[PDB]
Number of protein chains: 2
Amino acid sequence: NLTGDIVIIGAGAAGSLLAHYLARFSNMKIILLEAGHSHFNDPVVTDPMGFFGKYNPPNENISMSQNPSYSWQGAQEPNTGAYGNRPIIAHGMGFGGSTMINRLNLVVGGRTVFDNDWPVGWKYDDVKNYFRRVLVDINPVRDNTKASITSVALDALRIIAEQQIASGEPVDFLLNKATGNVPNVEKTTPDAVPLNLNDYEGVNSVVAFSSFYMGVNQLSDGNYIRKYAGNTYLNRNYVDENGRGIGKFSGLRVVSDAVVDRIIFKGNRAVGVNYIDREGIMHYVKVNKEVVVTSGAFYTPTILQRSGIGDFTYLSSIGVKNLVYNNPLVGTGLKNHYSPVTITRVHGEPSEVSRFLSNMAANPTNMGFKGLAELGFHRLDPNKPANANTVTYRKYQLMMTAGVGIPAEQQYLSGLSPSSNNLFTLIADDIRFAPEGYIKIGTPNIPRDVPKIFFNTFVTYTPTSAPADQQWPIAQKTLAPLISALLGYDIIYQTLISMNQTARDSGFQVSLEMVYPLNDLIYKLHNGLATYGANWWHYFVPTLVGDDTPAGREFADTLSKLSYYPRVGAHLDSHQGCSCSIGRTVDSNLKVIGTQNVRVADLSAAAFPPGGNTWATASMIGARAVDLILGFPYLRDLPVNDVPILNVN
Amino acid sequence: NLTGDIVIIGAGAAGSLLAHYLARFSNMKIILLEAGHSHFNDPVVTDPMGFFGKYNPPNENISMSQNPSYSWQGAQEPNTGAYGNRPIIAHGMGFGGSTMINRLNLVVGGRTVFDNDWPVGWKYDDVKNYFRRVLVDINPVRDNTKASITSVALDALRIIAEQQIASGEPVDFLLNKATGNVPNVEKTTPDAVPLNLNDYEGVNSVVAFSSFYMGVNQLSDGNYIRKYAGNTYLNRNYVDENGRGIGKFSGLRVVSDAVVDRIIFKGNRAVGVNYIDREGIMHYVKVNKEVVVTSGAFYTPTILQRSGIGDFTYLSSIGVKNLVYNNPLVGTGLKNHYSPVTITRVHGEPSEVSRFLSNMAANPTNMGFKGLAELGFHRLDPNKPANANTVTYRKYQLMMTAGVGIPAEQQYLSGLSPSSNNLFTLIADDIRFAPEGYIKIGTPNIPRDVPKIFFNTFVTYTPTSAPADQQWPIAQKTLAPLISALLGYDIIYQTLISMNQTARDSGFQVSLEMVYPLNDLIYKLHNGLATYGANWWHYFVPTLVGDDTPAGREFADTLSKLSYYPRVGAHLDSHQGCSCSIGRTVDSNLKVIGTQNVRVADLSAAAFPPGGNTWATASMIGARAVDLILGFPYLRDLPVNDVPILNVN
Ligand SMILES: Cc1cc2nc3c(=O)[nH]c(=O)nc-3n(C[C@H](O)[C@H](O)[C@H](O)COP(=O)(O)OP(=O)(O)OC[C@H]3O[C@@H](n4cnc5c(N)ncnc54)[C@H](O)[C@@H]3O)c2cc1C
Ligand SMILES: Cc1cc2nc3c(=O)[nH]c(=O)nc-3n(C[C@H](O)[C@H](O)[C@H](O)COP(=O)(O)OP(=O)(O)OC[C@H]3O[C@@H](n4cnc5c(N)ncnc54)[C@H](O)[C@@H]3O)c2cc1C
């Protein structure tokens with residue numbers, strides 16, 4: 001009963017697309033099991049303002065990500081590098097996966113991030129068509145309400161970019177080699193050409209723009225809707241309430257509220273998978289040809305290990321009765337970003353400061369994401385690729401936001417009350433984040449929301465009684481995240497001083513200065529950078545360098561004092577992935593090593609995170625997997641003018 | 001059963017002509033379905049005074065347009081721009097469509113209105129013969145009883161026209177470029193040549209005349225009859241009570257009281273249409289070659305959308321099970337006019353004021369339509385075509401009427417009791433009205449009288465915290481209808497002062513002044529126009545200009561105070577159309593885009609409303625469609641001396 005040539009686990013960001021383009025482009029019987037259910041008529045999801053809690057009950061006013069009925073609750077172990085706290089990250093449960101609860105921003109990643117870090121047969125020129133297909137299928141829209149702050153910021157970054165171009169340094173964070181001598185920045189003219197950060201040819205690596213492309217749409221009424229995988233690939237036009245396909249998709253048979261705990265094996269090939277229905281009773285599903293797993297970043301290692309594939313020593317220590325294959329790499333090598341935050345306050349006359357921040361309110365067409373640029377490398381960064389003098393990378397993503405987005409305790413401590421209406425927010429984050437972790441299960445019975453999740457982000461360095469030059473490379477490798485965070489702070493400071501001069505030039509007689517990071521510290525950091533140079537981070541370890549000069553010890557105190565911001569004055573970005581990268585757990589065909597008929601086709605099978613937000617990465621993976629499993633480039637050849645018909649239901 | 005090569009939906013203003021000239025000029029079997037029935041022996045329709053209710057029952061004294069047994073009841077949504085009211089507009093149901101309940105006035109439109117706004121292959125030189133055919137087939141007659149007021153008005157407009165000609169301004173509302181230096185105004189001589197506003201060569205764009213051409217006739221008895229499509233194209237000479245043609249029209253088979261809710265399709269071509277008879281039971285009609293739809297302005301979008309052609313997202317939201325084609329333009333871009341009204345009272349001796357308004361009573365040969373001119377553009381109008389310095393357009397239509405035609409509440413508030421016999425009426429209306437709307441269905445089951453009809457006419461402008469010169473074009477575009485209404489008021493004021501001086505010159509020692517619009521406001525508006533000039537409308541938004549001078553704030557108060565007249569002191573003219581303009585829903589052959597064998601040939605398929613009343617536009621469309629569907633210019637070549645024989649039965 002309930003057989004299937006291809007069995008798909010989870011209707012995540014790639015599961016829905018895989019099921020759709022697999023049922024349509026073939027004639028086999030396909031069955032999909034998803035833990036969540038459709039939310040097509042849920043006002044909290046469809047309305048973009050539901051992210052801010054416009055439909056919450058009065059006595060249960062919690063966020064959608066913190067609701068265990070919408071997402072997995074992945075509580076993590078205490079963090080040695082984050083002052084011994086236990087933050088909780090979530091994965092959206094339901095059709096579309098984590099695209100039901102995100103902030104609806106799309107980035108493609110770039111050209112170099114796929115050209116260098118990815119293995120052969122996987123570069124940008126092979127996934128360009130899949131990326132374009134995904135983007136046109138989503139069909140995003142830019143921001144509609146334009147503000148005066150954005151033009152001033154654009155001209156400021158333009159001035160900084162032209163100064164850096166005239167400088168002659170090898171690489172900086174406003175240098176786009178593929179463009180040329182002309183700075184890669186948008187124009188402040190009201191009739192400027194809208195510059196895109198997702199160009200089809202990948203010519204824009206680091207560049208300043210005016211807006212991103214939200215995953216929203218405007219309806220005939222005037223209401224805005226949320227566009228994501230669920231309402232783009234698996235609407236009512238294809239699957240009914242009985243979970244059956246119609247038309248040429250009749251081979252698909254999707255089952256909702258179905259979580260699968262284990263894949264049954266015959267020793268080296270899969271024969272069936274079992275799930276538990278809403279009755280609380282178990283069920284059996286028989287697999288014919290292959291098994292597809294789309295369980296997301298944090299939870300494909302668990303389903304792989306619990307099913308019998310993984311480190312046999314630790315699995316035996318846990319108590320796994322049935323063992324299949326032994327790799328010491330299952331679940332290791334996952335990556336995630338981190339977003340330090342800064343707050344800038346404007347001082348002046350009330351009218352001028354009220355007019356300066358015009359057109360900033362949270363709107364469904366932007367969700368507060370005005371955005372500035374995807375910045376690159378710092379001039380003082382020690383940890384840079386060897387071939388940096390040949391290509392330009394992506395390291396930072398500068399985005400502007402209204403209000404003061406900071407944890408409440410830090411808001412009270414710093415005094416930045418949201419009642420103040422003369423301040424805004426800009427965020428610089430790291431997309432090539434260094435620190436790494438691991439996931440291990442604790443019980444081989446059922447997939448639980450809390451496995452052993454060790455993630456230490458900003459660790460320190462303990463000097464030893466060894467020669468300094470012998471140990472310095474180790475310290476440089478270890479202290480990368482703090483270096484990146486402080487370089488981001490310096491970049492924000494340069495952008496801010498350019499903002500001040502440009503705003504004074506543009507007729508607004510106001511001044512913008514940093515207040516949140518205790519500007520004394522930031523100004524001292526800038527002075528120390530200028531007076532020291534490439535060896536600025538040597539004083540991160542005070543007793544190792546042993547300068548013992550008042551300037552040197554004061555800089556050591558400043559560096560130790562400023563390390564608290566990157567650790568506590570931010571919130572962790574939920575872009576985890578790449579826990580089963582190609583070569584570690586799967587080959588270049590996304591098939592498991594040593595196994596015969598199991599395939600994994602989500603973000604968990606990514607070699608390295610992209611140079612941007614990873615919405616399109618998962619779907620793209622699925623798209624590629626569609627033609628890898630079918631055997632012909634059916635999906636990649638389809639013309640650009642073919643999008644699934646969007647049904648609101 | 002009941003097959004047909006050509007199936008015609010509705011015997012509207014164009015349906016009857018289409019059926020007649022299609023059955024006569026071909027040999028195919030034609031079947032016509034109409035929701036109404038013949039009213040050839042109904043005294044309310046035939047008698048022109050039936051419009052004023054001369055045959056109403058004592059306990060059901062309602063107008064013919066407000067009777068749901070004669071017309072559709074198109075109640076509209078609340079109007080933000082009209083103080084939140086819900087006026088109801090109607091479409092005449094029966095043979096001839098809305099020509100059974102209209103006021104029987106014919107205008108051709110002009111030369112420029114077809115030369116500029118219409119696409120290629122559709123200009124005036126291509127539809128001149130169709131227009132002449134329609135006019136000679138109707139064979140209208142002018143007014144018979146001439147009054148003294150008309151000559152005085154004609155000489156007043158002549159004086160104003162010669163002054164404007166001597167002025168040298170680029171364009172005004174008594175400047176006809178095609179005529180020359182001599183003013184385009186009729187002569188006050190008793191033996192003057194009757195000037196026509198429907199000249200075959202289209203040389204009269206803006207010109208003053210003495211009367212229009214009513215759609216009436218005088219019978220041998222002396223009784224007057226109503227001439228319209230029903231008694232001009234589908235009399236007893238062609239179709240009997242069994243709905244069968246006779247003679248060379250025997251291929252036609254018309255069915256009355258037949259409303260069609262949906263056109264059945266085979267995927268891209270129509271195969272049949274279904275209707276419901278007077279028994280209340282359904283029926284099936286099979287289509288052979290093409291389907292013709294003539295359902296009128298408000299109701300062709302509904303029949304198009306409900307049949308499966310239109311915006312698939314909104315149709316799916318409604319619940320349309322069968323879907324055909326997807327356009328975001330079905331039902332959008334419709335136009336209608338609006339007629340502001342003014343009342344003038346004469347003060348003097350009772351004998352002189354009784355003699356001044358001689359020959360004004362409502363007569364079937366004029367129906368109170370003495371009329372003055374089709375006026376043009378104002379000198380202070382900001383919204384004018386770029387090429388206005390090359391051609392002359394039509395914007396206003398000045399017509400005189402007896403009594404006080406104004407809603408009863410406003411009559412009581414202003415005190416203009418109809419018991420007063422020293423006042424008359426003149427109407428200036430906009431034929432190029434700016435505000436636009438949309439129609440959307442709410443149930444995909446049956447054509448209902450009340451779909452979602454959003455029509456906001458006179459909207460306001462809300463200033464923002466932005467530079468004034470940056471936003472001024474937006475305000476100018478938005479505030480067009482109020483500008484046009486106040487310019488019409490100023491035109492009426494100039495005509496009125498010329499009337500006063502000319503009447504004082506012509507031996508009548510009386511004075512004519514405006515009373516209804518609270519003449520203080522009109523005189524202040526004239527003074528403000530004179531003292532300000534082209535930037536008179538800048539004070540429509542008081543805080544944006546920020547003059548804050550007693551004259552300026554007083555003018556702002558006057559402009560805000562005078563905006564109530566155009567909103568409430570009038571009634572909406574029922575000349576809606578152009579909801580499926582060429583290029584939006586149909587091509588230049590009036591055929592639906594993407595469909596194979598469906599054609600629409602009524603006013604709904606008009607690119608832009610004409611520069612006049614749209615009686616002849618629909619029929620003309622049909623005429624053109626006759627030779628488009630047959631393939632040869634059969635109808636357009638027929639000599640001028642061929643009219644269908646008029647049977648009273
Ligand atoms: C607050 C927030 C904001 C974000 N903003 C952005 C943004 O602006 N841009 C961006 O690119 N990304 C953003 N993200 C991240 C983005 O939502 C996802 O990280 C991205 O879609 C990649 O993850 P995924 O969809 O592959 O994982 P998912 O597909 O979401 O992984 C979980 C899925 O697997 C299924 N599943 C898992 N285990 C099982 C099981 N045992 N049985 C059955 N089904 C199972 C679940 O039902 C669910 O469908 C944001 C995330 C959060 C939390
Ligand atoms: C009070 C009043 C005064 C007017 N005065 C003038 C004037 O002086 N001059 C002027 O030019 N115009 C005037 N008009 C407008 C004029 O009557 C029409 O607007 C003009 O004929 C253009 O509309 P139409 O005939 O194409 O629409 P119509 O043909 O009248 O549209 C409705 C027709 O379609 C048919 N129909 C619709 N839906 C269906 C269906 N589902 N099944 C079957 N049949 C269907 C109806 O039976 C009817 O025959 C006036 C209108 C009104 C209300």
# chains A, B, ... in the order shown; residues from 1 in each chain; ligands from 1
call {"tool": "residues_near_ligand", "arguments": {"ligand": "ligand 2", "cutoff": "6 Å", "atoms": "only C-alpha atoms and all ligand atoms", "output": "ChimeraX atom specification"}}
result
/B:9-13,34-36,90-99,101-106,259-261,294-297,299,447,574-575,602-603,613-615,618
call {"tool": "residues_around", "arguments": {"residues": "residue 534 (chain B)", "least_positions_apart": "5", "cutoff": "9 Å", "atoms": "only C-alpha atoms", "output": "PDB file with C-alpha atoms, in the first residue's frame"}}
result
ATOM      1  CA  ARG B 379      -7.770  79.801 -21.628  1.00  0.00           C
ATOM      2  CA  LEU B 380      -6.654  78.861 -18.095  1.00  0.00           C
ATOM      3  CA  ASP B 381      -6.916  75.085 -18.530  1.00  0.00           C
ATOM      4  CA  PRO B 382      -3.629  73.427 -17.484  1.00  0.00           C
ATOM      5  CA  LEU B 529      -8.988  84.080 -12.067  1.00  0.00           C
TER       6      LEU B 529
END
call {"tool": "closest_residue", "arguments": {"among": "A:395, A:306, A:227, A:636", "to": "residue 206 (chain A)", "atoms": "only C-alpha atoms"}}
result
A:395
call {"tool": "interface_residues", "arguments": {"of": "chain B", "to": "chain A", "cutoff": "12 Å", "atoms": "only C-alpha atoms", "output": "MDAnalysis selection string"}}
result
chainID B and resid 311:323 325:326 328:329 332 438:440 452 454 464:467 470
call {"tool": "write_last_selection", "arguments": {"atoms": "N, CA, C and O atoms", "output": "tab-separated table (two decimals), in the first residue's frame"}}
result
chain	number	residue	atom	x	y	z
B	311	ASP	N	-8.60	38.12	-15.75
B	311	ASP	CA	-7.53	37.97	-14.77
B	311	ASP	C	-7.72	36.65	-14.02
B	311	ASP	O	-8.68	36.49	-13.26
B	312	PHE	N	-6.80	35.71	-14.22
B	312	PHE	CA	-6.96	34.38	-13.64
B	312	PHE	C	-6.83	34.39	-12.12
B	312	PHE	O	-7.48	33.58	-11.45
B	313	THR	N	-6.01	35.28	-11.56
B	313	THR	CA	-5.87	35.33	-10.11
B	313	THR	C	-7.19	35.72	-9.45
B	313	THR	O	-7.67	35.03	-8.54
B	314	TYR	N	-7.81	36.80	-9.91
B	314	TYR	CA	-9.04	37.28	-9.29
B	314	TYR	C	-10.21	36.36	-9.64
B	314	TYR	O	-11.08	36.11	-8.80
B	315	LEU	N	-10.23	35.83	-10.86
B	315	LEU	CA	-11.26	34.87	-11.23
B	315	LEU	C	-11.18	33.61	-10.37
B	315	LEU	O	-12.21	33.09	-9.93
B	316	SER	N	-9.97	33.12	-10.12
B	316	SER	CA	-9.80	31.96	-9.25
B	316	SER	C	-10.20	32.30	-7.82
B	316	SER	O	-10.79	31.47	-7.12
B	317	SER	N	-9.87	33.51	-7.36
B	317	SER	CA	-10.32	33.95	-6.04
B	317	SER	C	-11.84	33.93	-5.95
B	317	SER	O	-12.40	33.58	-4.90
B	318	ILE	N	-12.52	34.32	-7.03
B	318	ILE	CA	-13.98	34.28	-7.04
B	318	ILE	C	-14.48	32.84	-7.06
B	318	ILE	O	-15.41	32.48	-6.34
B	319	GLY	N	-13.87	31.99	-7.89
B	319	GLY	CA	-14.26	30.59	-7.94
B	319	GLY	C	-14.68	30.10	-9.31
B	319	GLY	O	-15.45	29.15	-9.42
B	320	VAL	N	-14.17	30.74	-10.36
B	320	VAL	CA	-14.49	30.32	-11.73
B	320	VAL	C	-13.82	28.98	-11.99
B	320	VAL	O	-12.59	28.86	-11.94
B	321	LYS	N	-14.64	27.96	-12.27
B	321	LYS	CA	-14.11	26.61	-12.43
B	321	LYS	C	-13.37	26.44	-13.75
B	321	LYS	O	-12.31	25.80	-13.80
B	322	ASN	N	-13.91	27.00	-14.83
B	322	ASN	CA	-13.32	26.87	-16.16
B	322	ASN	C	-12.63	28.18	-16.53
B	322	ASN	O	-13.25	29.25	-16.48
B	323	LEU	N	-11.36	28.09	-16.92
B	323	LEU	CA	-10.54	29.24	-17.24
B	323	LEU	C	-10.04	29.12	-18.67
B	323	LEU	O	-9.69	28.02	-19.12
B	325	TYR	N	-8.44	32.36	-20.78
B	325	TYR	CA	-7.33	33.24	-21.13
B	325	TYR	C	-7.17	34.31	-20.06
B	325	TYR	O	-8.11	34.65	-19.35
B	326	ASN	N	-5.95	34.85	-19.96
B	326	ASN	CA	-5.56	35.73	-18.87
B	326	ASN	C	-5.11	37.08	-19.39
B	326	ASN	O	-4.04	37.20	-19.98
B	328	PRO	N	-4.94	41.26	-17.80
B	328	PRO	CA	-5.19	42.15	-16.66
B	328	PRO	C	-5.94	43.40	-17.06
B	328	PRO	O	-6.03	44.36	-16.29
B	329	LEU	N	-6.50	43.41	-18.28
B	329	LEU	CA	-7.14	44.58	-18.84
B	329	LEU	C	-8.64	44.43	-19.08
B	329	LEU	O	-9.28	45.40	-19.49
B	332	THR	N	-11.31	47.12	-17.53
B	332	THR	CA	-10.71	48.36	-17.08
B	332	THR	C	-10.83	49.45	-18.14
B	332	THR	O	-11.17	49.20	-19.30
B	438	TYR	N	-13.45	50.94	-12.61
B	438	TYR	CA	-13.25	49.54	-12.96
B	438	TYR	C	-14.48	48.75	-12.55
B	438	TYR	O	-15.21	49.13	-11.63
B	439	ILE	N	-14.70	47.64	-13.26
B	439	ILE	CA	-15.81	46.73	-13.00
B	439	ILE	C	-15.24	45.35	-12.73
B	439	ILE	O	-14.41	44.85	-13.50
B	440	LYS	N	-15.67	44.73	-11.63
B	440	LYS	CA	-15.30	43.36	-11.31
B	440	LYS	C	-16.54	42.60	-10.87
B	440	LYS	O	-17.38	43.15	-10.15
B	452	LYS	N	-19.19	44.90	-8.81
B	452	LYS	CA	-18.34	45.88	-8.14
B	452	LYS	C	-18.05	47.02	-9.10
B	452	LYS	O	-17.25	46.87	-10.03
B	454	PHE	N	-16.66	50.67	-9.07
B	454	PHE	CA	-15.97	51.74	-8.36
B	454	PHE	C	-15.76	52.91	-9.31
B	454	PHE	O	-15.10	52.77	-10.34
B	464	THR	N	1.90	66.33	0.96
B	464	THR	CA	2.88	65.57	1.71
B	464	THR	C	4.07	66.45	2.07
B	464	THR	O	4.22	67.57	1.57
B	465	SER	N	4.92	65.93	2.96
B	465	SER	CA	6.12	66.65	3.40
B	465	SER	C	7.23	66.44	2.37
B	465	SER	O	8.27	65.83	2.62
B	466	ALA	N	6.98	66.97	1.18
B	466	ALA	CA	7.87	66.88	0.03
B	466	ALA	C	7.96	68.24	-0.63
B	466	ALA	O	7.12	69.11	-0.40
B	467	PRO	N	9.00	68.48	-1.43
B	467	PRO	CA	9.09	69.75	-2.16
B	467	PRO	C	7.87	69.98	-3.03
B	467	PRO	O	7.36	69.06	-3.69
B	470	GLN	N	8.20	69.42	-6.74
B	470	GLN	CA	8.40	68.01	-7.06
B	470	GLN	C	7.06	67.28	-7.19
B	470	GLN	O	6.93	66.35	-8.00
call {"tool": "closest_residue", "arguments": {"among": "A:630, A:399, A:541, A:208", "to": "ligand 1", "atoms": "only C-alpha atoms and all ligand atoms"}}
result
A:399
call {"tool": "residues_around", "arguments": {"residues": "region 562-573 of chain B", "least_positions_apart": "4", "cutoff": "8 Å", "atoms": "only C-alpha atoms", "output": "PyMOL selection string"}}
result
chain B and resi 81-83+336-341+406-407+410+458+482+485+517+521+558
call {"tool": "residues_around", "arguments": {"residues": "region 416-430 of chain A", "least_positions_apart": "3", "cutoff": "7 Å", "atoms": "only C-alpha atoms", "output": "PyMOL selection string"}}
result
chain A and resi 337-346+353+395-404+411-412+433+488
call {"tool": "write_last_selection", "arguments": {"atoms": "N, CA, C and O atoms", "output": "compact mmCIF listing (two decimals), in the first residue's frame"}}
result
# COMPACT_ATOMS: atom_id res chain seq x y z
N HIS A 337 25.47 32.87 9.15
CA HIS A 337 25.94 34.25 9.20
C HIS A 337 25.75 34.83 10.60
O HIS A 337 25.40 34.14 11.55
N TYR A 338 25.97 36.14 10.72
CA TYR A 338 25.84 36.88 11.96
C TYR A 338 25.77 38.36 11.61
O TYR A 338 26.55 38.84 10.79
N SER A 339 24.83 39.07 12.23
CA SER A 339 24.52 40.45 11.84
C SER A 339 24.74 41.41 13.00
O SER A 339 23.81 41.65 13.80
N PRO A 340 25.92 42.00 13.13
CA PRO A 340 26.09 43.11 14.08
C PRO A 340 25.28 44.32 13.66
O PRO A 340 25.06 44.57 12.47
N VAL A 341 24.82 45.08 14.65
CA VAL A 341 23.89 46.18 14.43
C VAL A 341 24.45 47.45 15.05
O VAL A 341 25.17 47.41 16.05
N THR A 342 24.13 48.58 14.43
CA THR A 342 24.55 49.89 14.90
C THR A 342 23.37 50.85 14.84
O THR A 342 22.45 50.68 14.03
N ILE A 343 23.39 51.87 15.70
CA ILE A 343 22.32 52.85 15.81
C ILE A 343 22.93 54.24 15.70
O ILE A 343 23.89 54.56 16.40
N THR A 344 22.36 55.06 14.82
CA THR A 344 22.83 56.42 14.58
C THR A 344 21.72 57.41 14.92
O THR A 344 20.57 57.22 14.50
N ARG A 345 22.07 58.45 15.68
CA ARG A 345 21.12 59.47 16.11
C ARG A 345 21.51 60.81 15.51
O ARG A 345 22.69 61.18 15.48
N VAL A 346 20.51 61.56 15.04
CA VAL A 346 20.70 62.86 14.42
C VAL A 346 20.31 63.94 15.42
O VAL A 346 19.26 63.85 16.07
N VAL A 353 15.15 67.32 11.59
CA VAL A 353 15.33 65.90 11.89
C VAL A 353 14.05 65.11 11.61
O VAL A 353 14.12 63.90 11.40
N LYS A 395 31.63 40.12 1.09
CA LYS A 395 31.82 39.88 2.52
C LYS A 395 30.75 40.53 3.38
O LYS A 395 30.31 39.93 4.36
N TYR A 396 30.31 41.74 3.05
CA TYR A 396 29.35 42.48 3.85
C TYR A 396 28.08 42.73 3.04
O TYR A 396 28.07 42.67 1.81
N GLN A 397 26.99 42.99 3.76
CA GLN A 397 25.70 43.35 3.16
C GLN A 397 25.11 44.49 3.99
O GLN A 397 24.53 44.26 5.05
N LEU A 398 25.25 45.72 3.49
CA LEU A 398 24.79 46.89 4.21
C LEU A 398 23.32 47.16 3.89
O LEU A 398 22.95 47.31 2.72
N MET A 399 22.49 47.22 4.93
CA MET A 399 21.07 47.45 4.77
C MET A 399 20.58 48.39 5.86
O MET A 399 20.98 48.25 7.02
N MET A 400 19.73 49.34 5.48
CA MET A 400 19.19 50.33 6.40
C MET A 400 17.81 49.91 6.88
O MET A 400 17.04 49.28 6.15
N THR A 401 17.51 50.25 8.13
CA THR A 401 16.23 49.90 8.74
C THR A 401 15.80 51.04 9.65
O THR A 401 16.63 51.80 10.16
N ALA A 402 14.49 51.16 9.85
CA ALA A 402 13.96 52.17 10.75
C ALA A 402 13.93 51.66 12.19
O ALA A 402 14.05 50.46 12.45
N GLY A 403 13.78 52.59 13.12
CA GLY A 403 13.69 52.23 14.52
C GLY A 403 15.04 51.82 15.11
O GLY A 403 16.11 52.15 14.59
N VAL A 404 14.96 51.08 16.22
CA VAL A 404 16.14 50.59 16.93
C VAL A 404 15.92 49.10 17.19
O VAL A 404 15.27 48.71 18.17
N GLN A 411 18.77 47.75 25.02
CA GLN A 411 18.08 49.02 24.78
C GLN A 411 17.97 49.83 26.07
O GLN A 411 18.19 51.05 26.06
N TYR A 412 17.63 49.17 27.18
CA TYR A 412 17.53 49.88 28.45
C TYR A 412 18.91 50.32 28.94
O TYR A 412 19.05 51.43 29.49
N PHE A 433 31.29 33.97 7.29
CA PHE A 433 31.59 33.83 8.71
C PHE A 433 32.46 32.60 8.98
O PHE A 433 32.20 31.51 8.46
N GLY A 488 33.84 45.75 10.05
CA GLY A 488 32.52 46.23 9.69
C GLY A 488 32.16 47.52 10.42
O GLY A 488 31.58 48.43 9.83
call {"tool": "atom_distance", "arguments": {"atom1": "CA of residue 324 (chain B)", "atom2": "CA of residue 449 (chain B)"}}
result
24.0 Å
call {"tool": "residues_around", "arguments": {"residues": "residue 211 (chain B)", "least_positions_apart": "5", "cutoff": "6 Å", "atoms": "only C-alpha atoms", "output": "list in words"}}
result
residues 143, 370 and 371 of chain B
call {"tool": "closest_residue", "arguments": {"among": "A:138, A:446, A:556, A:386", "to": "ligand 1", "atoms": "only C-alpha atoms and all ligand atoms"}}
result
A:446
call {"tool": "select_by_dssp", "arguments": {"residues": "region 197-315 of chain B", "states": "helix (DSSP H, G or I)", "output": "list in words"}}
result
residues 230, 231, 232, 233, 247, 248, 249, 300, 301, 302, 303, 304, 305, 306, 312, 313, 314 and 315 of chain B
call {"tool": "residues_around", "arguments": {"residues": "residue 187 (chain A)", "least_positions_apart": "2", "cutoff": "10 Å", "atoms": "only C-alpha atoms", "output": "PDB file with C-alpha atoms, in the first residue's frame"}}
result
ATOM      1  CA  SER A 151      20.136  59.425  -2.179  1.00  0.00           C
ATOM      2  CA  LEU A 154      24.308  56.729  -2.334  1.00  0.00           C
ATOM      3  CA  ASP A 155      26.299  59.884  -3.048  1.00  0.00           C
ATOM      4  CA  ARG A 158      29.986  57.157  -4.453  1.00  0.00           C
ATOM      5  CA  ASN A 184      29.908  50.716  -9.004  1.00  0.00           C
ATOM      6  CA  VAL A 185      27.303  52.877  -7.281  1.00  0.00           C
ATOM      7  CA  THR A 189      19.407  61.586  -9.946  1.00  0.00           C
ATOM      8  CA  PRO A 190      15.609  61.236  -9.622  1.00  0.00           C
ATOM      9  CA  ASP A 191      15.599  59.692 -13.129  1.00  0.00           C
ATOM     10  CA  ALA A 192      18.475  57.296 -12.438  1.00  0.00           C
ATOM     11  CA  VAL A 193      18.567  53.847 -14.020  1.00  0.00           C
ATOM     12  CA  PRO A 194      17.550  51.258 -11.384  1.00  0.00           C
ATOM     13  CA  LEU A 195      20.684  49.212 -10.780  1.00  0.00           C
ATOM     14  CA  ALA A 208      25.415  50.200  -4.101  1.00  0.00           C
ATOM     15  CA  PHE A 209      21.741  50.066  -5.103  1.00  0.00           C
ATOM     16  CA  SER A 210      18.443  51.618  -4.016  1.00  0.00           C
TER      17      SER A 210
END
call {"tool": "select_by_dssp", "arguments": {"residues": "region 181-238 of chain B", "states": "strand (DSSP E)", "output": "ChimeraX atom specification"}}
result
/B:216-218,224-226
call {"tool": "residues_around", "arguments": {"residues": "region 109-113 of chain B", "least_positions_apart": "3", "cutoff": "8 Å", "atoms": "only C-alpha atoms", "output": "NGL selection string"}}
result
:B and (116-118 or 124 or 198 or 202-205 or 391-394 or 610-614)
call {"tool": "atom_distance", "arguments": {"atom1": "CA of residue 480 (chain B)", "atom2": "CA of residue 519 (chain B)"}}
result
23.2 Å
